[PDB]
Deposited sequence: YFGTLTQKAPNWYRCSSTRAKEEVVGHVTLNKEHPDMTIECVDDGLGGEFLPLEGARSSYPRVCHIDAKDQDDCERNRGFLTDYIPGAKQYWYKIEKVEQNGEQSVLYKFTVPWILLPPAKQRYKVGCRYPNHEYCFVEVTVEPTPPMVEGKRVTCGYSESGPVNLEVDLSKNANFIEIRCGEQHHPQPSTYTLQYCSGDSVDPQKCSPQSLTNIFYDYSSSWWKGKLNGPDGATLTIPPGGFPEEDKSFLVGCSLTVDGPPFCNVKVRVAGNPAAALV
């Protein structure tokens, strides 16, 4: 049931219902420099795979291991499970007529600031009523981990933990940490505990009380969830700062318990600063 897939440009593929003898699969990579892709389905008398997936208010995609059109569609996933915040209007759809050939063009663009914190793979393509199909696999590259001011955006890599450091002090007393809606906090008890070990890996975390770090500590100093849409914000009242410089580890895991990990070392400045003793 293989349709015939040809590449017209990087991230632009064309499928027709001409029966090919071997399965050819397209390969798209979406990142900041190449935030868009085009799927072109030839109408031989031209639907995006999965059917309706580029028109619906909840956009839908194939699992990356779908074996064919029916396997894809009977198991169709949600685009937002791969890219949080994805919207139908990230697709622009066009009918094109050329020299007696009708095709439909589905051009998908990810706003680059919304690239996910971990690499994702799904696939889409073209499908026909007689069950013919072409797959185009989509790799969505991640937003780099970063610390911008006091906002810490975690990220995940299979080639090792991500380590980020950020500062807290009396006069710059809040930080925001984002694990992403797809991921998970470490330790899970982070509003009460930090990792005294050298990783937020549950096997290495060695959770200890945040009363080791702050004075008059309260879990109420955290607002928002680490895996909520805006991450979690930790705000330290001025009296909360100890006399000594300190640090603690909090972070994120890809899955509830498992790697990759993102380790955020929060460096707490002692109060008073030496100038003001």
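The deposited sequence has C-alpha coordinates everywhere except the stretch 46-47.
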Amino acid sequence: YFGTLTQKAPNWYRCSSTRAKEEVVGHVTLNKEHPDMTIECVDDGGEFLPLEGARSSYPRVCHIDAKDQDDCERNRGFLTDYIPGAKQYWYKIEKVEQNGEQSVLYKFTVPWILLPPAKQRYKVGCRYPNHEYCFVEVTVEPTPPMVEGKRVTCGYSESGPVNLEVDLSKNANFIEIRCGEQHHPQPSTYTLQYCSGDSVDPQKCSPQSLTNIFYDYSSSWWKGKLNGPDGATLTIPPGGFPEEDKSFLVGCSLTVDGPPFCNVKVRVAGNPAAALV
From here on, numbers count along this sequence of modelled residues.
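Here the stretch with the larger average CA B-factor, out of 101-109 and 84-92, is 101-109. Two stretches are in play, 122-130 and 169-177, and the higher mean C-alpha B-factor belongs to 122-130. Residue-level inspection of the entry shows that, of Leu49, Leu234, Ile39, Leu210, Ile39 has the top Cα B-factor. Per the deposited coordinates, the residue with the largest Cα temperature factor out of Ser57, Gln69, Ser219, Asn31 is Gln69. Compared with the other modelled residues of the chain, the Cα B-factor recorded for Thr153 ranks in the lowest third. Sorting the modelled residues of the chain by their CA temperature factor places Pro10 in the highest third. Among all modelled residues in this chain, the alpha-carbon of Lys204 has a temperature factor (C-alpha) in the highest third. In the PDB entry, a CA B factor belonging to the middle third of its chain's modelled residues is recorded for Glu73.
For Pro161, the recorded CA B-factor ranks within the lowest third of the chain. Only modelled residues enter the ranking.
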